Each structure stands twice: as structure tokens, then as C-alpha cells.
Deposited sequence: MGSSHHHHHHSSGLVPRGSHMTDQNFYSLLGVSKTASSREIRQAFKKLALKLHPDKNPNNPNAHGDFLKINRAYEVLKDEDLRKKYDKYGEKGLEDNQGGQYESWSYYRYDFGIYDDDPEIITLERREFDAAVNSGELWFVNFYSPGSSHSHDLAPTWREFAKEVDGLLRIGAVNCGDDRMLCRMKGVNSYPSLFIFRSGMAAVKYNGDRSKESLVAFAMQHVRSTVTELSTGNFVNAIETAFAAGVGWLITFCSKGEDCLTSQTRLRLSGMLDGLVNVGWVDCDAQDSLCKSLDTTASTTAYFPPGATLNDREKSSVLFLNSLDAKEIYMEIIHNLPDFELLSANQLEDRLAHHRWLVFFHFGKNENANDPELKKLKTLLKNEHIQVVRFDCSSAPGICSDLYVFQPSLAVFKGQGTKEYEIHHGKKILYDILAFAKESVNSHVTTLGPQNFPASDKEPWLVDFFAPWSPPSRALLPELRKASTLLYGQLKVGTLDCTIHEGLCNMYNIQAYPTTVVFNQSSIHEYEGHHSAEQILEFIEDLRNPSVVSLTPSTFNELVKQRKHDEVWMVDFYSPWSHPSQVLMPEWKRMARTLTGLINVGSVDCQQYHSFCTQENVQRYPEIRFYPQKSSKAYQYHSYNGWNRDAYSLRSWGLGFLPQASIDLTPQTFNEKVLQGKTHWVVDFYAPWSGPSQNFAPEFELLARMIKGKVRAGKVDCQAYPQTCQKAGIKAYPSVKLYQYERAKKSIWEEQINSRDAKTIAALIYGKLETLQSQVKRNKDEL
């Protein structure tokens, strides 16, 4: 009831910014420095709520388990009042978080990003300037900020160790660090270097070519005509428009005194500024094609032009399926009303996505309802199709704003996450699927999507990846017991394995490779009782009693599986989910998660608990194999001569003294060897202290000595070789190599 969202007066659907500001208002009101009451106590609860809700891992964990997983310090009032959330109230500054960063600065737009550390002398020298700078260049490029304080990994990985650091980004080119003085005019001059601001002087000679070339590419021309003693667009205005309209409209000018025959031909003797759409025609008799402008100001002219540019082409429903599967499309689904009417800036998507070969289109669901229905589109939505032969798409769940949409379209179309539903769900598929059950209103769900996309590309051909919108497909989510968002699940031949590791390609792949060849038995109370408690014969068990809300358990799980792979045919490896079987684990005295236990041969202790410091695969494996009893046969002079020398099978033999230190050090490794090669080679030990005769005959000079005996079936004979290696795995491979060359 005292939920962290409730404590900040905020909903579970709150953005990072909404959480930050919510915390800030409470922090300023409940801070110690402003209250002799109590203070610290009330302030420590909201600070705990913030510290958890601001962390990507902790918030997703909190959403899934609440407080049970989270295990257990602040700044001055001054800090929260002046230095905290420093750009949250500056609309021109786009704040970027770790997982949305790469998609943003690789969108295709020009980005100038302030990597800063929050503080008094850090920023605030810069912050006011950075705010004014964003206003000045608004419309020409994106101004970003990254709080390295909250995204240390992101700053570290980008090689940013000192603050502030200023970088220009643009897809297709390397990042450019700015080292100049951080005045507004210097920042501006630096950024303008990277803006595309081409203004063409048009003339009688190049006019027709410039127009036709542009028109064929579907691009119009903004042209100002200058003559003596007439006002026209100044060079600075011309440059402004050039950058503002980059890829949309070419900016140019004509000197009419120098280009008389051109200005006569166009019948524009005076000073005019005109926009020429593709298809436009201008002469003394025809002027309706052209849009003449009255302003001399860049923004006033831009606003008029961007509104007059044509809307996206309306996609015919007749084409779909065939057209949708073979081409890249960015589709604005609408229901009668064009929902994009209030934002002409979206028209820039055409030119920005030209190199991605995406056609940006509108589709009217009121003209073919069945089409939108079978796509499970019920409200206006945005979808980008991959067009590689099949109809594959993702739905945009970000802000309905240009830079966010663009970032999504490019990232999604170049990755391999697809949208699932009841009709295409891999409930019983041959190839393995990774399915992400989520809600669009969930900020950790949305945040996961870039990771998922990245992994989808790296794992192409090995793992298929899809998302399922539980907000729409409630029946499917219930069926698979989805209790929180996001929940990622691997479907392997209708087997279901929830995945709670990091969503990087390498760890997902390792997790999947274990699934194909299981190493750990997932044990139930019923099946633990039958396989472990009622274990028979020569069989031992290692069991990890874990809980999914436990952090050290989550760390152990991949190590535990790594270990189990190396223990094939040596030790049985199991695991128990103590969240699911809480009562059972209570009866088994599991007082900590994770609990690791070894179960020896029945034939006197119940089990042994692991109490080592390190819980990596190698040290857990060594601990377990150390419990195993002797596998090698203790030979006598009688049996050594009878069963080895006069035998018909292959042997490895350890000649040793029980007092020899090296003999004792090698003893466990020999027993490991015996179990490894068991089935092809018998193993024996010879106590040279007890039987000096036999070791004398064998010619043993040093303890321990290892002999390999191979039976030549064709010649009914055993021949002997010395083994000098003392590494079990090494010896085993060596022996096996020899056995192939024996048949």
C-alpha cells in the first residue's frame, strides 16, 4: 500500500522525468535543512522510492516482485533546488537515457549532446548557455543532454570520463568532439559547420537543370529574385531556410540584373520570393502553380512552406499483403480523420527515411476495416514494415513526435523483432522463439525494445524474436500466466522457459543452447522426493535451491548451468524454485537463497551445504567432484597380473605410495579420469608401499607414475605406455586419440 509510486504521488506509468520532478517537489518540502521536525525519516522513504524507480533494473524488478527482491544518503537542499533535473523544464533540450541513445543519435538527424555531471560548478556555468543555445538553433538540429550521473555505464562506454563533454552526432559519420570556448556564439558557429546549408545561385545557364533534377526527385525549389533597389531574402535568411528545409526544399536565388532573360522568361521583374512545387510552371501567362510569399523572415516562410507541402500518399488497400511484404513502409493508420493535421513537421520523414528505402504513407481504416482489424489496429497507430518477403512489422509506442518516430522507424526496420498475435503465435513451433509479453504503457517495457532489437539482429538465423501486446491480446497473456511487464519467454518446441538474464545476444544464446541440451533438472517437491530423496545406486545430486526474486540466485543460474554441462555422467544436477514451492523449501530448511547442496551415495550424512566464497562454475564443480568416492579398482599383485597384463581390456594404472605428497595431490584427479574414461578404459591403482615387488617389476622410479595399457585384439597382446600428464581432461583426450588409432 505504501507503494513507491504512491509515495511520490505518481502513477506506475510515469516517465523518468515525471518521477524526477515528483521526487524533487517532495525533496524540497521534506528536506532536513528546512525542518527541525524529526525530516530525515520522511525524507529517507521518498529517497528510497526514487533510488529504486530511477534505476532501470530495480524498477523492472520492483514491478515484478515489489520489495521482496530489493536489498537495502542524499544531497543538500541546495542541490535539489538548483542542480537537480537541470534540463527538465527546458523543452528544447532532449534528455537521452542509455537504451534510447544509439537509436536517437543514429536517426539521421544532426545531434549536439551535452554529456554532463550534475553539480554547482559543473553545468550552471554551461546550463544557462546551453538553454539559450537550444533556443537559437531550434529547427536546425537536435540539442541533447545526457546525465552521466545517472547513466555512468553509457558515459563510460562512450569514452566520456570528464565533464562536461560536447559531441556532434550524425549517422554515417564519426562523432565530433567540441573543444572550443563554450559561449553561445562559439557553440552556434561550431554546429552551423555541420548543418547542411546549401544555397544555389541560379542563372539562365543552370536554371532548367536545377529545377528538373530536383523535380524528378520530388523536391521543390524556394527561389528569391533580387534586382537593384529591391528587398529580397538576405543571405543569412537564405542559409537559415536551407538548413531548416534540408532534403525537403532546395533554397536558391536569382540576380535579375545578371540573369535578365531568365527573369523575363519567368515574368518576375520585381522582387518576389516563390516556392516552386514539383510540376510547377511559371511564365507571363501561367502563375497559378507557384506559391508566392510575402515574408522576408525565415521562420515565417518556413511555417508557410511546411504547411503547404503535400501530405503522405494515401495507401490503397488493394495493394496490401503483396505490396506490404516486399517493400519497406511507414504507415500512419487512421480512422476517417487525418490525425497528423496538427503536425506538418512529420513530412520530413520522407526525406529523412529516403536512404532506408522506406515509403511513408497514410492508410484509411474506414476504407477497409477488415484490413486494420486483422492487424489488430483499433485506434490510429503507426507501423513500420520490413518488407523482406513476409509481412513483418512493429507498432510505434513512443511519443508522436518527429525525432522519436524517426529513431523508431530506422531501428525497427533494420532489426528483426516482429509483432505477434493469436494468428501467428509460436505455441508449438520447431525453431526456438523469444517472446516479449508487455504493455505499451509500461516504461520498462518500452525501454526493453531497443535491447531486443539489437539482440534480434545478432541472433538472426538462430533465434526468432517477437513481441506480444497484452493490452490487446489478453487471452494469450493469461494463458501463459503473464503477471508483470515486460516478461520475456523462450518457446522451444512448445516448452516454456521464462528468461530473466540480461537481454544481450551472447547471454540469450547461451541460455538457448542450454535449452536444446538440458543440463539441470528442474525439480518439483514430488520429483525431488523421487529422484533425490529416493536416489538409488551410484547416483549423487547437486541441487540449487533458488528464488527468482533473489539477486544472487539470478547471478548463479547461468553459472549453475555452465557447471552442469561439465558434469554430464558424473553428478546429477537439479534446481528448486522456492518461490513456487515456498512451503516445500521451508520444510527443507532452505534459510537462504541460493542454497547449494550435495547429496552423497546412500551407501552417512543427509547432505552437504556449499559454504565457499566463490560461486562461479569452476569452483562449484570442483567442490562437487571432491565428494565422489573412489572409482578405480585397488589392484593387488594377483589382480594386476591377471586383469591388466593378462587381460583383454584397456587400462590406465596409478602406481603410487600413500605417503607421497604428489601421489595424494594426484589422487582426486585420477579418480576424475577414471569416471571420464569409464566405458572404454578401466582404471587401477597400485600401492607400491604394500607391493614393492609389483612396482619393481613395473619399473616404477617415481611416485606417482601412470601407465596406459592397450590391448591389441588382433595380436592378443597388451602393450604399455607411460602417461606423463597429470591433467585428467588432457589424459582422457590423449587416451581417446590412441583408441581411434587402434581400430
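Coordinate coverage of the deposited sequence breaks at 1 to 22, 61 to 62, 97 to 100, 632 to 633, 774 to 783, these segments carrying no C-alpha atoms.
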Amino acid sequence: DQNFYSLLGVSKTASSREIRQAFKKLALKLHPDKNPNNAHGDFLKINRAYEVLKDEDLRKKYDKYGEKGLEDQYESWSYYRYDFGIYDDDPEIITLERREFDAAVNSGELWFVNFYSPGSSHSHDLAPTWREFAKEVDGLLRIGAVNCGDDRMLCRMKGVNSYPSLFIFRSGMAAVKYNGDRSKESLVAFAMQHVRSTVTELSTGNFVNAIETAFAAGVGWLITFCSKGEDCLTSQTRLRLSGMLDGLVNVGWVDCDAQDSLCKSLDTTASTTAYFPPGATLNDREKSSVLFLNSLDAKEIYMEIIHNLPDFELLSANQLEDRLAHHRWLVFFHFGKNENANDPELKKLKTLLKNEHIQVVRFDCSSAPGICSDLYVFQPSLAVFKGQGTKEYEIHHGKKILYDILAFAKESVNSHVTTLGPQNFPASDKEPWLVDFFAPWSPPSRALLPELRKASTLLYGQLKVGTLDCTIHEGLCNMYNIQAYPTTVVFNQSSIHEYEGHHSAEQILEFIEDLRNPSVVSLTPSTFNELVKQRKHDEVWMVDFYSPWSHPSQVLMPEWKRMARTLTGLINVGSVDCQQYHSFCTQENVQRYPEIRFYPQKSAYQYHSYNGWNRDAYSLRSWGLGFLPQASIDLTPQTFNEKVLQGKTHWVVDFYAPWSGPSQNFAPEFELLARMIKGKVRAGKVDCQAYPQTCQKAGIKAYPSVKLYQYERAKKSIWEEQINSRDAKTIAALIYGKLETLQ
From here on, numbers count along this sequence of modelled residues.
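Stretches compared: 228 to 236, 542 to 550. Higher mean C-alpha B-factor in the entry: 228 to 236. The question of which stretch, 10 to 18 or 715 to 723, has the higher mean Cα B factor is settled in favour of 715 to 723.
Comparing C-alpha B-factors across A317, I211, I401, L166 in the deposited entry, the largest value falls on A317.
Of the candidates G220, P380, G475, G149, the PDB record gives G149 the highest C-alpha temperature factor. The entry lists a Cα temperature factor for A270 that places it in the highest third of the chain's modelled residues. The deposited CA B-factor of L30 belongs to the highest third of values across its chain. When all modelled residues of the chain are sorted by CA temperature factor, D429 is found within the highest third.
Sorting the modelled residues of the chain by their CA temperature factor places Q710 in the middle third. Residue-level temperature factors show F385 in the lowest third of its chain, judged at the C-alpha atom.
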